Every structure is written in structure tokens, then in C-alpha cells.
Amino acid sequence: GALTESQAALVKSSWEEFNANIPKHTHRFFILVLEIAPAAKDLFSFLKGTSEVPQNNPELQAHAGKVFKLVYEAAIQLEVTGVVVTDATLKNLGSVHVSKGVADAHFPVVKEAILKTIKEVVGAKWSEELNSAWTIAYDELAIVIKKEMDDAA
């Protein structure tokens, strides 16, 4: 795909529907992360120590909202420029993920939760095109992050 204007339109659309209920969708997103990889709980500063995932926690909501925002912006960048660019922000993001003990093998985990989160957010308007645009947007932005990471350690 490498994002055609229509895949990019489709990603932009599901992102607003994402963004129309942050508390819900972001709580659902974390539930999904833990179901895939239980042990991932521990790397989150606002998850460990708890039973279940808080529903009205401000840091959780801002951090998961921002994750999704980054992937949607990569998707527009891929369409428009043809590449994902490495700017300050993403290099900062590399150092911070090395800090928190993130590895390359973790990235799949957060991809599948994002895929599944979007499937439930769009409900009947889910297509394979949507699934492939988001796959692509995620995989290109994680290649860039994976790079800054190995440059911070």
C-alpha cells in the first residue's frame, strides 16, 4: 500500500472516531495490551500495583491518545512524503523506550492491540484496507523508533 490517498483518508477517519471517546478507547487499548502479553503490565508506571486498568486516569489517557496520534501522523507523512522522518521527538522517544526497558520484540505486542482497538472502534466500517493502512503506518514508525533506540544504547 505505502499509503495511497484513500488509505490515508481511511486512517484519518478511524482516528477521529478513536478520538471521539478517549477514556473508553484508551482503557480498551490497555486491556488489549495485557491480554496479549500479561507481563507487559510491569513496564507501565500507572498499571503495575493495580488489579485492573484504571478507567479515568489522566496519564493513561494522554499517553495512549498520543501513541495513536503518532501513528496517524506517520500515516499522513507516508502518503505525502513517501517516508517517515526522524525528528527530535522520535529520537527522544528512542532514548525514553531504552530507559523503560523496551525491546524490539515488544513492538508486535502494541501493534496487535492498536489493530484490535481500531477494529472495535470502527465496528461495521472495518475493512482489510483499513487494517493494512494502520499496519503500514505502525511498522514504518516502529522502524524509526527501533533505530533511535539502538542509538541511545
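What we label the rigid core is the largest C-alpha set whose atoms superpose within 1.5 Å from one form to the other. Quick note: we count residues from 1 along the sequence shown, nothing fancier.
task: Would you mind working out which of 65-73 and 96-104 sits farther from this form in 9 other deposited structures of this protein by RMS C-alpha distance, with the rigid core as the fit?
output: When 96-104 and 65-73 are compared in 9 other deposited structures of this protein, 96-104 lies farther out.
- prompt: After fitting on the rigid core, which stretch moves more in 9 other deposited structures of this protein, 124-132 or 31-39, going by C-alpha RMS?
  reply: The stretch that sits farther from the shown form in 9 other deposited structures of this protein is 124-132.
- request: With reference to the PDB entry, specify whether the mean Cα temperature factor is higher for 61-69 or for 85-93.
  value: Looking at the recorded C-alpha B-factors, 85-93 comes out higher on average.
- prompt: With respect to the recorded C-alpha B factors, which stretch has the higher mean value, 102-110 or 39-47?
  reply: On average, C-alpha B-factors are higher across 39-47.
message: Quiz for you: based on the deposited Cα B-factor, which of 121, 124, 33, 53 is highest?
response: The C-alpha B-factor peaks, among 121, 124, 33, 53, at 53.
- prompt: If you rank every modelled residue in this chain by C-alpha B factor, which third holds residue 141: lowest, middle or highest?
  reply: Its C-alpha B-factor, which the entry lists for residue 141, ranks in the lowest third among residues of this chain.
field: Among modelled residues of the same chain, the CA temperature factor third for residue 130
entry: Bottom third by C-alpha B-factor.
message: Lowest, middle or highest third: which one holds residue 20 when the chain's residues are ordered by CA B-factor from the entry?
response: Top third by C-alpha B-factor.
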